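First come two forms of one protein chain, each written alone as structure tokens, so that there is a structure 1 and a structure 2.
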Structure 1
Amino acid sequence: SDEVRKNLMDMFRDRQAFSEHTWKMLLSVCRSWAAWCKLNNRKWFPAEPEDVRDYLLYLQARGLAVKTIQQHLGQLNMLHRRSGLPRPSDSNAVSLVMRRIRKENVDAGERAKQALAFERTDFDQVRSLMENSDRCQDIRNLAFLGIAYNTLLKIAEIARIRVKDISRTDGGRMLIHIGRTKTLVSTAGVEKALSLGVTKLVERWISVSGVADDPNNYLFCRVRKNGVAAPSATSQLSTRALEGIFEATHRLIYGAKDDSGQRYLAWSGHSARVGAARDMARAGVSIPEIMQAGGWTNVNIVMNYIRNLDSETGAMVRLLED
């Protein structure tokens, strides 16, 4: 009763031990669960297993994805395990219904989607059009698109780059040192090399933006309606803005989005990462090489961007046709 209160207090004291995103989703799931509980006159904490089971079934009935449901269940489990209490998933009712919901949704066809690919051809076509612009906005966007495709870095890692993180090979190729993440949080860190063509795009951006003024400045920054860049060493370009560059570039080439409300109708923050991964594979690049490129530690995730690369090769259709 008080041991629980202490545990929770300890968790909140050292908040910084978890990503802000985890907290954000913890409160969002708690909001959702607490509302369902109120609407059903139930106690939201500690959670009763039969109540949690009803809630997950309610989420499925609302039409949410299987991964969304697993997230709600996962946030509830963390809140309890860290409170010193037993996890809802510790009961049959909850573990069995989750399995049953995954089964029925997947059987009805549900599948986890992945970002619309932005590949070598898309990059070449965008560079060919934007190459000739003098606008600060255009120069920045093209430089961002290039780094994204060349390095396979997530949008959050890109927004984190500082001018001082950039070095250069003896060959004149740019090098961006990256230190952590989801994960990777390490010592040492990594370096991402840019092709000569791409480092040229970045050079042009630094020049017109004037972010080199201070090595602490973040590489990318906002650019106001009048074309003036606003370098900063305290704030970074929101990842929401970066997803906006991918979306506006797609609209530039293909026009306005659908109306279906569906996701991935245009390029998004993860598009170049899935597009590059796939280009390397279709080129014969070895798995360890492809892995190094994306930072993937296992051969599973990799196979996953290629997870949607399965298409009739015609292999058997050739053996037979001869």
Structure 2
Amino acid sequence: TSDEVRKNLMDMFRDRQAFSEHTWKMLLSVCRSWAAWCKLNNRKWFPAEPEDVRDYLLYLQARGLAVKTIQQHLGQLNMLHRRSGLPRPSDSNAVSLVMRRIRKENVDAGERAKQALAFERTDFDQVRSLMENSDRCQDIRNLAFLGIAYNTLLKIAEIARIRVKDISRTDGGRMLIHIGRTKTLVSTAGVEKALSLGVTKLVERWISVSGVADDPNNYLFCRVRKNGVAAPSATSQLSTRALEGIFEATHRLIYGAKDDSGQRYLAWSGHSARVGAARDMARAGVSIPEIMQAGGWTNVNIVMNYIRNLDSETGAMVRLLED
């Protein structure tokens, strides 16, 4: 089958476009860490031996990696073999048993997921006070971005692809914006998040000083060098990383600067506006389903993960007990 595996790998690469470029990066990252460990421990890297993958998994656990990550590592290895025509490591009792041991142990050892910091109206209003009067182009853009986000529950990559033309005007002195949001045959070509009155005036103060209006193709948000001059572009969009940074920086301008321990989730992030908006919607009392829509959600659970600790979403028992 040495020729069959050869063909299979030729098949995978031939139709690599069958998977996202980022998806491949993930697989490459695993194969990199796995192969390396093998070289350091003297173990055939491909195909992988059950006992080998068992030792490797037990290794990742020590590295302190969460279960979700260890599973992903195994997963990539599994598919790599399945699509290679070879036996998958997860098909061996050794690996199956070790994965169960790790998941159980780690869970009992107190393994908490990763919560995200919330960016609510109280934070958006405090900021809306600090960087609302600044004449700095950077500040004018950051606020606009912080507006669209919170007000549209939009994802980062989504706000990054937004173009000037993608934004229309209607329903009064307010604004309109329609993006993609979804994509696999079944989806909603597009929706139409509409900025409020007190957000459109922030997005206009940005387009006027940025000049993104000099070409409907130009993305709404662009670059802004140290000189304070924007760089409107209809060919390149702001990296999601950059947008994420706008969150961390804003949070820095207010609550100091992160913390020593790399404990992971100290400042605001790409979805700090989504979690926040949802909670704010739940606070004012809004049907969960209604909150589902606002943020293109379809997994009540996830939405219930941001507003659970929300003191209204307390539960029946509490209402029963409290008369």
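The term rigid core refers to the maximal set of C-alpha atoms that superpose within 1.5 Å between the two forms. For numbering, take structure 1's sequence and count from 1.
Superposed on the rigid core, the two forms differ between structure 1 and structure 2 by 2 Å or more at the C-alpha of one listed residue only; from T234, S207, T183, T121 that residue is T183.
Relative to the superposed rigid core, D90 undergoes a CA displacement of at least 2 Å between structure 1 and structure 2. Once the cores line up, the CA of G294 ends up less than 2 angstroms apart between structure 1 and structure 2.
In the core-superposed comparison between structure 1 and structure 2, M25 has its Cα shifted by less than 2 Å.
Summarising the core-aligned comparison between structure 1 and structure 2, the C-alpha atom of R111 is found to shift 1.7 Å.
Relative to the superposed core, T313 moves its CA by 5.3 Å between structure 1 and structure 2. Relative to the superposed rigid core, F12 shifts its CA by 3.0 Å between structure 1 and structure 2.
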